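Just the one chain here, the form deposited in one PDB entry, laid out as structure tokens.
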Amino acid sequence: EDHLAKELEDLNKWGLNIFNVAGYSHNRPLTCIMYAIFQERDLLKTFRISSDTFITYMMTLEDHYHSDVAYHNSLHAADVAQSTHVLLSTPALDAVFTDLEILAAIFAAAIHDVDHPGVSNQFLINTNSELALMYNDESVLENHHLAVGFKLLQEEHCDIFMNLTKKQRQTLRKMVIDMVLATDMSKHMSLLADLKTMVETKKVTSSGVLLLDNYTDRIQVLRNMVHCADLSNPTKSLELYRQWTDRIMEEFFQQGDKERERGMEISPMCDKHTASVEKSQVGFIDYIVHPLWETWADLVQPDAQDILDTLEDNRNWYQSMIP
């Protein structure tokens, strides 16, 4: 109550604690943070989005995340949205994005895992699920989250974009699709290689502010930004990181139990009888998270040096828990 307002004082910081905001908002973290973010940035006024309309959409979207899924519930969406809100303010990216691109990136973060069933694209494909038949095995979940999110906008009592122009709605839809499809982990290596080429030919104004000429370059940075926000758990304080680790392992091990029940091969990091939680996090940091943030740090230096220091410290803690 007064605790919620104290926690939200850190709305614009990496140290914000989304678990605390959840506790004080009737477990509506996503509705809560999305509303705090939009007010802070004056987006409701800029795009003449009604408050009732915005709240009804957000509450419906949030009720569409599954509360019995350990990691991919509404708290993860809320976290990715809050993280993207901070990354958009990085000094190196100052005045680089339009208001429509800022709106799109934050909206993408919010809907980006909606209706997640708690199993991976590969699981959905090997069990011949209806979702995989629908999407022909390509970015199964991601196409689905986009579909639900944009579906809910089709209803007057819920169209938060009704006061944008047709032209603006089209551009936003293109940008959002692009950004959510980029959260598909099987696209990670591709995305990182492209981000490394963008750093290679990085250009800044006289005062260290990125120069982004075309739409192409702007959406490439936005794509990568949402993807970093998705893979930001290890760059947060150790206390936060460990609760996120606990949740993803719970979810991955539940998938492993379903794999065993059906006589399918068990995905090794989903096998609770053999997988080391600690080794898996160190591997995840060394091979995926660090390589990504090291590159993001290059693009916006020295803005993300503390984020990298926290990461390297967290990496060493998981390492020390391994005998």
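In case it trips you up, residue 1 is the first one in the sequence shown, and so on. Only the largest set of C-alpha atoms that superpose within 1.5 Å between the two forms is called the rigid core.
*Asks:* Between 160 to 168 and 99 to 107, which has the higher average C-alpha B-factor in the PDB entry?
*Replies:* Per the PDB record, 160 to 168.
*Asks:* If you take the mean CA temperature factor per stretch, which one wins between 137 to 145 and 187 to 195?
*Replies:* 187 to 195 has the higher mean C-alpha B-factor.
*Asks:* According to the Cα B-factor stored in this entry, which of the following is highest: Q82, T245, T205, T235?
*Replies:* Spelled out: the listed residue with the top C-alpha B-factor is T205.
*Asks:* Per the PDB entry, which option out of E155, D115, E250, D230 has the greatest Cα B factor?
*Replies:* Result of the comparison over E155, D115, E250, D230: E155.
*Asks:* Looking at the entry's B-factor column for C-alpha atoms only, identify whether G263 ranks in the lowest, middle or highest third of its chain.
*Replies:* According to the entry, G263 has a C-alpha B-factor in the chain's highest third.
*Asks:* What third of the chain, by the recorded C-alpha B-factor, contains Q39?
*Replies:* It belongs to the middle third of the chain when residues are ordered by C-alpha B-factor.
*Asks:* By its CA B factor, does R218 count among the lowest, middle or highest third of the modelled residues in the chain?
*Replies:* It falls in the top third of the chain.
*Asks:* Is the Cα B-factor recorded for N27 in the lowest, middle or highest third of its chain?
*Replies:* For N27, whose C-alpha B-factor we compare with every modelled residue in the chain, the answer is the highest third.
*Asks:* Just say lowest, middle or highest third for the CA B-factor of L212 relative to the other modelled residues in its chain.
*Replies:* Highest third of the chain for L212's C-alpha B-factor.
One more form of this protein, deposited in another entry, exists but is not displayed; see below.
*Asks:* Out of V282, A297, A36, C270, I need the residue that shifts by 2 angstroms or more at the Cα between the shown form and the other one, core superposed.
*Replies:* Just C270.
*Asks:* Between the shown chain and the other structure, the Cα gap of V289 to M269 differs by 3 Å or more. Is it closer or farther in the other entry?
*Replies:* More distant in the other entry, by 3 Å or more.
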